[PDB]
Amino acid sequence: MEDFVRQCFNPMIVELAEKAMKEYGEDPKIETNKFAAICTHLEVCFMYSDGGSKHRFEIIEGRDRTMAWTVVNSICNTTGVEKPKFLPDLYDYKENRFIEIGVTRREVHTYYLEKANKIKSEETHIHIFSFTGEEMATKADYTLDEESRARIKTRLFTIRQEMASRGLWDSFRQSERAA
Ligand SMILES: [Mn+2]
Ligand SMILES: [Mn+2]
């Protein structure tokens, strides 16, 4: 799985995924399912940002924690939008809201509720994708056009297929539960 990850995702995503694990005291070599999952989440966040008009999104995810909070703080101080209790992934300048992005091997609605109860924010928008082509977003507002979301759905399905083809998919799907 380690070598699958390093050949499936681009080096920039891989490097950001390694840094992110280390800061939480995780070894990518050992926790390889976590490694794949972090890379997937990052790739989705970057695809999503790319789905809007050029300036639409401020990207929060992928940054160093301290700098991430600084940017969040600048958005909050300048738009009046409420400060989130946890780091979201993007800020949407068009809709004026933070967005938390999820990618789950479980049911979209389950993960959605877990994320929503954790954040406890009326303002923040939540948008969950699965590896089975499903999505669920706050108030059924999917932010992006259908073509942009469909590209993300396709990519996740290809990741699932590439994993199953190497016998890694069962382990990956189950691992989110075991956590
Ligand atoms: Mn995040
Ligand atoms: Mn997220």
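Nothing fancy with the numbering, it's 1 onward along the sequence. For ligands, and for the atoms within them, numbers begin at 1 and follow the listed sequence.
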(request) Determine which of the N, O or S atoms in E100 is closest to the Mn ion (ligand 2) and give its atom name. (result) OE2
(request) Kindly confirm whether the Mn ion (ligand 2) is within less than 2.8 Å of some N/O/S atom in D89? (result) yes
(request) State, with a plain yes or no, whether a side-chain heavy atom of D89 is found less than 4.5 Å away from one of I99. (result) no
(message) At less than 2.8 Å, would any N/O/S atom of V103, backbone or side chain, sit next to the Mn ion (ligand 2)?
(response) no
(message) One thing to verify: whether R6 and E2 come together as a salt bridge, which I'm taking to mean a side-chain N less than 4.0 angstrom from a carboxylate O.
(response) yes
(message) Taking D141 first and then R97, would you say they form a salt bridge - that is, a charged N and a carboxylate O separated by under 4.0 Å?
(response) yes
(message) Do the side chains of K22 and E26 get close enough for a salt bridge, i.e. N-O under 4.0 angstrom?
(response) no
(message) I'd like to know: is the Mn ion (ligand 2) within the 2.8 Å range of an N/O/S atom from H41, strictly under that distance?
(response) yes
(request) Output the atom name for the N/O/S atom of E61 with the smallest distance to the Mn ion (ligand 1). (result) OE1
(message) Check this for me, if you would: do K118 and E100 make a salt bridge, where the nitrogen-to-carboxylate-oxygen distance has to be below 4.0 angstrom?
(response) no
